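Student: Sharing a structure below in structure tokens format, with a few things to ask.
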Amino acid sequence: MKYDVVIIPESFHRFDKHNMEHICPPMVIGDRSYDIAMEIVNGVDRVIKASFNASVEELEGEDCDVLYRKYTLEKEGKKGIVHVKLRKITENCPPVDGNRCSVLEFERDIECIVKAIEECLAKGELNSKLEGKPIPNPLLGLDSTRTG
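Under the entry's author numbering, the sequence shown has 114 at position 114, and the numbering climbs by one with no breaks.
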């Protein structure tokens, strides 16, 4: 048993007149055991809440997905939603196809997460696949935790 993380970063765009459809394809990495998964997620969580103006929300995933960590991102002039859901990669849940995050070490993994968010957020108002979940989050605030 391992856990396979699918991170879906998307700048939420309610389809406006013409140019407001921003979708970034999901990134899938499945090699982490639960213990290592929680460490990587916790670290990433702290980085997102400190390196960004992110308000996090925790949900439970659908069966195969054991955990669903929702992050509402705000960075300098950019806002998006990042949904990280963890699937239990098993013989019932095989490794899914998606974009592959450049995994190396913790620092590289987080930089890989940062580049994903920064790419999605910095591309902004464009036209893309017709999706986009504008999930309203009443909480607007980050969580102080500097790396030391």
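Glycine included, each C-beta is placed from N, C-alpha and C at the ideal position.
Could you tell me the boundaries of the beta strand (DSSP E) in which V66 lies?
Tutor: Element bounds for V66: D65 to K75.
Student: From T147 to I113, what distance separates their C-alpha atoms?
Tutor: Answer to the nearest angstrom: the Cα atoms are 16 Å apart.
Student: Terminal residues of the continuous alpha helix (DSSP H) containing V47?
Tutor: Run containing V47: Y34 to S51, per the alpha helix (DSSP H) assignment.
Student: Contact check, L121 vs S11 under 8 Å by CB: the rounded distance?
Tutor: Indeed, because the Cβ distance is near 6 Å, the residues count as touching under 8 Å.
Student: Based on the DSSP output, what are the partners of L121 in its beta bridges?
Tutor: In the DSSP output, where bridge partners are listed per residue, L121 has none listed.
Student: Three-state secondary structure (DSSP) at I113?
Tutor: If DSSP states are grouped into helix, strand and coil, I113 belongs with the helices.
Student: In angstroms with no decimal places, state the Cα-to-Cα distance between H83 and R69.
Tutor: One C-alpha to the other measures close to 6 Å.
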